[PDB]
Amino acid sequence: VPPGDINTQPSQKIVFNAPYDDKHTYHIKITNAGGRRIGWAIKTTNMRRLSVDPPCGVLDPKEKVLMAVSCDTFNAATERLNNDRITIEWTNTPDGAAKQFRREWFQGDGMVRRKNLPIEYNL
């Protein structure tokens, strides 16, 4: 069956504040707003600058995880600011699955749901 939804905080996007002369580490609360257990994974678009940790996990119904999105120093006057975003994928976990993330959940026949959280740089 299709995966239920998640809630994230923040909900629509993530904003990083100048100054960018130091590394900053923001968070994201991901909550599983559905009726079944889900496995989830995270990407970002700019991996020399931006990071994610942990890059995946499992989440029972109503269960939450706090996730760290890091942003390294960079010259905000000079470098790319524009098409960055975080991407969360999840799917329902197979029947009788353990609570350790398995990439092959994402690969066989099934459904994958995603949500993007664009990054904004507040200069």
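Residue indices: 1-based, along the sequence shown.
Checked against the record, the higher mean CA B factor of 81 to 89 and 94 to 102 lies with 94 to 102. For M111, the recorded CA B-factor ranks within the highest third of the chain. Only modelled residues enter the ranking. When the modelled residues of the chain are ordered by C-alpha B-factor, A41 sits in the lowest third. For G35, the recorded CA B-factor ranks within the middle third of the chain. Only modelled residues enter the ranking. In the deposited entry, the Cα temperature factor of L66 places it in the middle third of its chain's modelled residues. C56: CA B factor lies in the highest third for its chain, per the PDB record.
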